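As structure tokens, the structure follows; a few thoughts come after it.
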Amino acid sequence: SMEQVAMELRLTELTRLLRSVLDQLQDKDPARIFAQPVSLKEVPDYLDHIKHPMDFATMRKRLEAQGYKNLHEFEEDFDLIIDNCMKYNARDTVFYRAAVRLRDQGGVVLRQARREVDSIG
Numbered sequence: 002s003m004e005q006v007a008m009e010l011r012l013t014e015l016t017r018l019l020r021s022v023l024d025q026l027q028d029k030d031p032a033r034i035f036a037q038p039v040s041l042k043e044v045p046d047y048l049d050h051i052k053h054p055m056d057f058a059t060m061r062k063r064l065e066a067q068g069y070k071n072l073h074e075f076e077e078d079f080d081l082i083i084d085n086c087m088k089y090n091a092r093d094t095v096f097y098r099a100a101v102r103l104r105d106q107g108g109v110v111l112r113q114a115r116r117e118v119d120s121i122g
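In this text, residue positions in the sequence shown follow the working numbering: the first is 2, and each later residue adds one.
Next comes the structure, spelled out in structure tokens:
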């Protein structure tokens with residue numbers, strides 16, 4: 002149908018916007034602490050601590066599969082990255098400190114993406 006197509010073009014454009022957003026959020030992690038999943042070979046007990054792991058590569062895979070339907074779903078995953086890190090790592094670690102900085106610096110990027118998605122529909 003012509004309706005299914007028009008939906009597919011909206012999803013494609015949402016995907017293109019969320020790709021730019023992702024690139025901006027990941028520039029706020031210059032040390033690449035959150036680039037890849039936590040290694041289960043190097044942290045064998047990780048899944049006893051964190052039930053829903055997340056990272057930027059895993060978000061990227063989902064994005065390119067057009068698996069995000071709206072900005073809320075994308076933000077959920079971003080927030081997992083941050084919140085997992087702040088539980089698993091103690092306050093006085095380079096990891097916890099990096100998540101805090103990502104959270105604070107990402108809030109500005111997310112604040113404008115919420116308006117661009119409402120705006121462009």
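Where a beta carbon is used, it is the ideal one built from N, C-alpha and C, also for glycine.
Report yes if the CB atom of residue i is closer than 8 Å to the CB atom of residue j, and no otherwise.
i, j, result
"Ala-32", "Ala-99", "yes"
"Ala-7", "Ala-36", "no"
"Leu-72", "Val-44", "no"
"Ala-114", "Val-22", "yes"
Nearest to residue i by CA position, among the options, is which residue?
i, options, result
"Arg-63", "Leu-26, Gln-27, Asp-80 and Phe-75", "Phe-75"
"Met-60", "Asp-93, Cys-86, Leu-26 and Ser-40", "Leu-26"
"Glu-65", "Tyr-47, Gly-108, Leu-18 and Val-95", "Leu-18"
"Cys-86", "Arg-20, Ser-120 and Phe-96", "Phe-96"
"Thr-94", "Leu-48, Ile-34 and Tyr-69", "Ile-34"
Would you grab the beta carbon distance between residue i and residue j for me? Rounded to a whole angstrom, and I think it's under 8 Å.
i, j, result
"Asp-24", "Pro-38", "Rounded, the Cβ-Cβ distance is 19 Å, inconsistent with contact."
Less than 8 Å between C-beta atoms, sequence neighbours within five positions excluded: which residues of the same chain meet that for residue i?
i, result
"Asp-30", "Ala-36, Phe-57, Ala-99 and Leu-103"
TODO: Pick out the complete beta strand (DSSP E) segments inside the segment 68-94, 3 residues or longer, and give them in chain order.
DONE: none
- [ ] Let me know the alpha helix (DSSP H) ranges lying completely inside the segment 4-76, each 4 residues or longer, listed in chain order.
- [x] 47-50 and 57-65
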